[PDB]
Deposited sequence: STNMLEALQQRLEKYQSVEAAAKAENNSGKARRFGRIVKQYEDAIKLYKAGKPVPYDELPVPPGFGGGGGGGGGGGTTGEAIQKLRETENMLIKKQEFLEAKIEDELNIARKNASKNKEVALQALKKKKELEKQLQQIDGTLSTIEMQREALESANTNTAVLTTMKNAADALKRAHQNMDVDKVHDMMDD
């Protein structure tokens, strides 16, 4: 069904924003906070039998050498999307202040600032979904690269402990049996 998968995807975005609190990443907490607001709204709509904007909702990855250079390319792509988020956030607030100053004075200017603000928020929402997907994808790549590196040296350590486990007493008894 759709309700559970919608609930599963919400909890995932709730779990990432929560992790963004502890690491004190404000810009990440803001955009992941806006994504859970999309799902909280989609929850309210689905329970009310009203159409749900499925095309607007991002899906976390996996919800239905060159590895180091791939991580670096993703990090550099993240930075460009983060810079665009900050640009949109500042321009949205600028249009809100333009709309309020000219609410009664300049009717057509305040109305034009609101239309720009609405368009900028749509752009911010599309940046949110793409940037959040890349962040989680980059994190999974780094985690998979670390686990592989840790599993390899722990294997060398277990083999080193095995090599240093020579049953010299057993060899001594066998030595006296062959004499």
Q. What ranges of the deposited sequence, counted from 1, have no C-alpha atoms in this structure?
A. 1-2, 67-75
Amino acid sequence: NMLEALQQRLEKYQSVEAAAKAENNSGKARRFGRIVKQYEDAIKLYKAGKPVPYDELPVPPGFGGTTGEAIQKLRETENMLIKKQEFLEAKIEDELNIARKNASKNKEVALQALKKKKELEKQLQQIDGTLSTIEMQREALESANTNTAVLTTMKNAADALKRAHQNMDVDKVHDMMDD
From here on, numbers count along this sequence of modelled residues.
Q.
Going by the mean C-alpha B-factor recorded in the entry, which is higher: 136-144 or 46-54?
A. 46-54
Q) On average, which has the higher Cα B-factor in the deposited entry, 8-16 or 164-172? A) 8-16
Q: Could you check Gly64, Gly27, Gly129, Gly33 and tell me which one carries the biggest Cα B-factor in the deposited entry?
A: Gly64
(Q) So if I compare the CA B-factors in the entry for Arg75, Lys83, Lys91, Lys107, which one is the largest? (A) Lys107
Q: Ordered by C-alpha B-factor within the chain, which third holds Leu96? Give me lowest, middle or highest, please.
A: middle
